[PDB]
């Protein structure tokens, strides 16, 4: 459910909602069942949603 993850690479956060990490840092993964996509709505609000809640429009 919550588990510890290890950074494989550095990451410089590009927004306030992101986290800067360093290679080999250990971090809590809050929910190991959740992968998130960053989306933007018709009102120009941006945020994260669980990736399985959306799908590409091709029909």
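Numbering follows the first chain given and starts at 1. What we label the rigid core is the largest C-alpha set whose atoms superpose within 1.5 Å from one form to the other.
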So which moves more in 7 other deposited structures of this protein by CA, 41-49 or 20-28, given a superposition on the core?
-> 41-49
With the rigid core as the fit anchor, does 32-40 or 9-17 show bigger C-alpha shifts in 7 other deposited structures of this protein?
-> 32-40
Entry-level comparison of average CA B-factors, 32-40 and 18-26, reporting the higher stretch = 32-40
Chain thirds by Cα B factor, record data; residue 6 belongs to the lowest
